[PDB]
>>> print(open('structure.cif').read())   # mmCIF, C-alpha atoms and all ligand atoms
data_entry
#
loop_
_atom_site.group_PDB
_atom_site.id
_atom_site.type_symbol
_atom_site.label_atom_id
_atom_site.label_comp_id
_atom_site.auth_asym_id
_atom_site.auth_seq_id
_atom_site.Cartn_x
_atom_site.Cartn_y
_atom_site.Cartn_z
ATOM 1 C CA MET A 1795 -0.711 16.092 4.831
ATOM 2 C CA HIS A 1796 2.665 17.483 5.893
ATOM 3 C CA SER A 1797 1.889 16.004 9.322
ATOM 4 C CA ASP A 1798 1.208 12.660 7.613
ATOM 5 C CA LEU A 1799 4.955 12.293 7.136
ATOM 6 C CA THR A 1800 6.158 13.892 10.380
ATOM 7 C CA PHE A 1801 4.038 11.205 12.020
ATOM 8 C CA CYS A 1802 6.022 8.444 10.300
ATOM 9 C CA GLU A 1803 9.311 10.078 11.256
ATOM 10 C CA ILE A 1804 8.356 9.936 14.953
ATOM 11 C CA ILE A 1805 7.371 6.262 14.799
ATOM 12 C CA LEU A 1806 10.267 5.107 12.619
ATOM 13 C CA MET A 1807 12.704 6.883 14.932
ATOM 14 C CA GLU A 1808 11.054 5.227 17.945
ATOM 15 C CA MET A 1809 11.160 1.823 16.242
ATOM 16 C CA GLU A 1810 14.782 2.331 15.137
ATOM 17 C CA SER A 1811 15.878 2.948 18.741
ATOM 18 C CA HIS A 1812 13.667 0.252 20.327
ATOM 19 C CA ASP A 1813 15.315 -2.506 22.366
ATOM 20 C CA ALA A 1814 13.572 -5.222 20.326
ATOM 21 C CA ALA A 1815 14.482 -3.649 16.961
ATOM 22 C CA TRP A 1816 17.667 -5.611 16.295
ATOM 23 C CA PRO A 1817 16.256 -8.215 13.816
ATOM 24 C CA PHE A 1818 14.816 -5.415 11.654
ATOM 25 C CA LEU A 1819 17.468 -2.668 11.491
ATOM 26 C CA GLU A 1820 19.105 -3.786 8.221
ATOM 27 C CA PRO A 1821 18.019 -6.192 5.457
ATOM 28 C CA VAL A 1822 18.273 -9.911 6.058
ATOM 29 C CA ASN A 1823 21.430 -11.215 4.412
ATOM 30 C CA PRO A 1824 20.161 -14.411 2.735
ATOM 31 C CA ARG A 1825 23.724 -15.749 2.532
ATOM 32 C CA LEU A 1826 23.562 -16.100 6.320
ATOM 33 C CA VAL A 1827 19.880 -17.052 6.734
ATOM 34 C CA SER A 1828 19.123 -20.266 4.870
ATOM 35 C CA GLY A 1829 15.643 -20.440 3.372
ATOM 36 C CA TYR A 1830 14.985 -16.696 3.595
ATOM 37 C CA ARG A 1831 15.199 -16.115 -0.171
ATOM 38 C CA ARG A 1832 12.735 -18.943 -0.842
ATOM 39 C CA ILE A 1833 10.197 -17.963 1.828
ATOM 40 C CA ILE A 1834 10.079 -14.141 1.927
ATOM 41 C CA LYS A 1835 8.963 -12.753 -1.433
ATOM 42 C CA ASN A 1836 9.090 -9.059 -0.399
ATOM 43 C CA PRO A 1837 11.757 -8.355 2.233
ATOM 44 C CA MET A 1838 11.463 -5.131 4.208
ATOM 45 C CA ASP A 1839 13.358 -3.558 7.084
ATOM 46 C CA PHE A 1840 13.672 -0.306 8.982
ATOM 47 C CA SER A 1841 16.721 0.938 7.061
ATOM 48 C CA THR A 1842 14.930 0.482 3.729
ATOM 49 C CA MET A 1843 11.957 2.374 5.157
ATOM 50 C CA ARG A 1844 14.313 5.124 6.351
ATOM 51 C CA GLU A 1845 15.870 5.416 2.886
ATOM 52 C CA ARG A 1846 12.430 5.704 1.306
ATOM 53 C CA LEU A 1847 11.166 8.158 3.919
ATOM 54 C CA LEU A 1848 14.280 10.324 3.530
ATOM 55 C CA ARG A 1849 13.872 10.567 -0.250
ATOM 56 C CA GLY A 1850 10.138 11.259 0.002
ATOM 57 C CA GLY A 1851 9.231 7.774 -1.249
ATOM 58 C CA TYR A 1852 5.962 7.750 0.735
ATOM 59 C CA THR A 1853 2.987 9.755 -0.511
ATOM 60 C CA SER A 1854 0.956 9.110 2.661
ATOM 61 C CA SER A 1855 1.104 7.482 6.067
ATOM 62 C CA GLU A 1856 -0.875 4.521 4.691
ATOM 63 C CA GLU A 1857 1.948 3.292 2.448
ATOM 64 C CA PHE A 1858 4.318 3.761 5.388
ATOM 65 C CA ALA A 1859 2.233 1.481 7.606
ATOM 66 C CA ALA A 1860 2.167 -0.987 4.713
ATOM 67 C CA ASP A 1861 5.958 -1.296 4.828
ATOM 68 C CA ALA A 1862 5.957 -1.529 8.630
ATOM 69 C CA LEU A 1863 3.318 -4.267 8.730
ATOM 70 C CA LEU A 1864 5.252 -6.043 5.979
ATOM 71 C CA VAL A 1865 8.277 -6.187 8.290
ATOM 72 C CA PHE A 1866 6.223 -7.991 10.917
ATOM 73 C CA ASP A 1867 4.306 -10.192 8.485
ATOM 74 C CA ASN A 1868 7.636 -11.400 7.072
ATOM 75 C CA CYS A 1869 8.912 -11.969 10.616
ATOM 76 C CA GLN A 1870 5.950 -14.169 11.540
ATOM 77 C CA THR A 1871 6.140 -15.980 8.191
ATOM 78 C CA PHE A 1872 9.783 -16.923 8.681
ATOM 79 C CA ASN A 1873 10.320 -17.189 12.445
ATOM 80 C CA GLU A 1874 8.501 -19.289 15.027
ATOM 81 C CA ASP A 1875 6.460 -17.344 17.561
ATOM 82 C CA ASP A 1876 8.751 -18.594 20.353
ATOM 83 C CA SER A 1877 12.021 -18.008 18.503
ATOM 84 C CA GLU A 1878 14.165 -15.089 19.674
ATOM 85 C CA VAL A 1879 13.499 -13.142 16.459
ATOM 86 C CA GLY A 1880 9.809 -14.052 16.673
ATOM 87 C CA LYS A 1881 9.532 -12.660 20.195
ATOM 88 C CA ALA A 1882 11.207 -9.434 19.109
ATOM 89 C CA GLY A 1883 8.882 -9.163 16.123
ATOM 90 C CA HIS A 1884 5.865 -9.510 18.387
ATOM 91 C CA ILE A 1885 7.201 -6.835 20.754
ATOM 92 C CA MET A 1886 7.885 -4.574 17.767
ATOM 93 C CA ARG A 1887 4.550 -5.235 16.038
ATOM 94 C CA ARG A 1888 2.548 -4.495 19.198
ATOM 95 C CA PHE A 1889 4.570 -1.304 19.695
ATOM 96 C CA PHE A 1890 3.941 -0.169 16.118
ATOM 97 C CA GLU A 1891 0.232 -1.003 16.174
ATOM 98 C CA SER A 1892 -0.073 0.857 19.463
ATOM 99 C CA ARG A 1893 1.755 4.047 18.455
ATOM 100 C CA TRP A 1894 -0.043 4.004 15.104
ATOM 101 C CA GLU A 1895 -3.451 4.071 16.797
ATOM 102 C CA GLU A 1896 -2.351 6.830 19.205
ATOM 103 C CA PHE A 1897 -2.518 9.310 16.293
ATOM 104 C CA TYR A 1898 -5.194 7.898 13.957
HETATM 105 N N1 LIG A 1901 13.960 -10.316 10.828
HETATM 106 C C1 LIG A 1901 14.102 -11.730 10.525
HETATM 107 O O1 LIG A 1901 13.213 -12.316 10.003
HETATM 108 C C2 LIG A 1901 15.396 -12.460 10.879
HETATM 109 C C3 LIG A 1901 15.517 -13.806 10.574
HETATM 110 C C4 LIG A 1901 16.703 -14.448 10.906
HETATM 111 O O2 LIG A 1901 16.880 -15.807 10.621
HETATM 112 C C5 LIG A 1901 17.869 -16.345 11.453
HETATM 113 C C6 LIG A 1901 17.418 -16.247 12.863
HETATM 114 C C7 LIG A 1901 18.372 -16.958 13.821
HETATM 115 N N2 LIG A 1901 18.629 -18.358 13.415
HETATM 116 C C8 LIG A 1901 19.079 -18.458 12.008
HETATM 117 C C9 LIG A 1901 18.125 -17.749 11.048
HETATM 118 C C10 LIG A 1901 17.705 -13.712 11.525
HETATM 119 C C11 LIG A 1901 17.511 -12.368 11.798
HETATM 120 N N3 LIG A 1901 16.369 -11.793 11.467
#
>>> encode(input="structure.cif", output="C-alpha cells")
Amino acid sequence: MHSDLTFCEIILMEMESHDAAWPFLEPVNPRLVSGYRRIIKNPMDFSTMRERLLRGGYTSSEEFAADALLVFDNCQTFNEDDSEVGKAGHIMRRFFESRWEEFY
C-alpha cells in the first residue's frame, strides 16, 4: 500500500549509502566500458531507480525489487565473480536480498 513504497525508500536509501554501492550509483557510461552496450540489454542503476521512485514510477514493491535484481543480474552478466565490481555486486545483492526479506 502506502507502506509498499516507504519500504522501497528505506532500502534504496540504505543501498545508496552502502560502502559497496559505487559501481551502481549512476548509469554505466558505455563510452568508458567496452562491450557493455553489446552485453547488457537493459541497464539499471540506483540513480535511475531513485528517479522513478521520486516520480511515483513504481506501482508496488514488486516492480521495485525487479529493478534492484536487474542491477545485480546485469552485474553478474558483465563482471567476473572475482572482479572488483563483481565482489561489490555480490555484497550489494546479498544486502538487498536480506533487507528485502526482513519486511516480507
Ligand atoms: N556496475 C557495472 O557493471 C560496472 C562495470 C564496469 O566495467 C568496467 C569495470 C572495470 N574494468 C573496466 C570495465 C565498471 C563499473 N561498473
>>> residues_around(input="structure.cif", residues="residue 1864 of chain A", least_positions_apart="6", cutoff="12 Å", atoms="only C-alpha atoms", output="list in words")
residues 1818, 1834, 1835, 1836, 1837, 1838, 1839, 1840, 1842, 1843, 1857, 1858, 1870, 1871, 1883, 1887 and 1890 of chain A
>>> atom_distance(input="structure.cif", atom1="atom CA of residue 1874 of chain A", atom2="atom CA of residue 1811 of chain A")
23.7 Å
>>> axis_aligned_box(input="structure.cif", around="ligand LIG 1901 (chain A)", padding_each_side="6 Å", output="JSON")
{"center_x": 16.1, "center_y": -14.4, "center_z": 11.9, "size_x": 17.9, "size_y": 20.1, "size_z": 15.8}
>>> closest_residue(input="structure.cif", among="A:1872, A:1881, A:1812, A:1898", to="residue 1831 of chain A", atoms="all atoms listed in the file")
A:1872
>>> closest_residue(input="structure.cif", among="A:1827, A:1814, A:1847, A:1822", to="residue 1801 of chain A", atoms="all atoms listed in the file")
A:1847
>>> residues_around(input="structure.cif", residues="residue 1802 of chain A", least_positions_apart="2", cutoff="10 Å", atoms="only C-alpha atoms", output="list in words")
residues 1797, 1798, 1799, 1800, 1804, 1805, 1806, 1807, 1808, 1843, 1844, 1847, 1852, 1854, 1855, 1856, 1858, 1859 and 1894 of chain A
>>> atom_distance(input="structure.cif", atom1="atom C7 of ligand LIG 1901 (chain A)", atom2="atom CA of residue 1817 of chain A")
9.0 Å
